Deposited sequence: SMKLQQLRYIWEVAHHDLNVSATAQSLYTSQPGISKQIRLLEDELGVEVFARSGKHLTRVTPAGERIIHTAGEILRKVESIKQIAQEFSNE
């Protein structure tokens, strides 16, 4: 049930200073879409990635999950590079 897009969203929200609207604008998607997908992720993981009030901070569990999400996204980039190397 966990989606790469969900991992992309939490990584991008964290690197746009927890501003979901700015994240939405840069990823050319809606703010409700991002929020709903993050909430689906958190329900499945049973932990919250961000503290809310506005998002205020990344939680201790969130710091770990986002860091691993970044590793996953770099490996997805590695797959595209492998594909480019074995084609024209």
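Not built in the structure, per the record, are deposited positions 54-55, 91.
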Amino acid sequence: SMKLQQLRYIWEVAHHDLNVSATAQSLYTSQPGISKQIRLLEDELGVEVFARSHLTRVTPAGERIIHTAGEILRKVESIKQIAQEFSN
From here on, numbers count along this sequence of modelled residues.
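Stretches 38-46 and 22-30 differ in mean C-alpha B factor, with the higher average recorded for 22-30. Higher mean CA temperature factor between 13-21 and 65-73: 13-21, per the PDB entry.
Among the modelled residues of its chain, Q84 has a C-alpha B-factor that falls in the middle third according to the deposited record.
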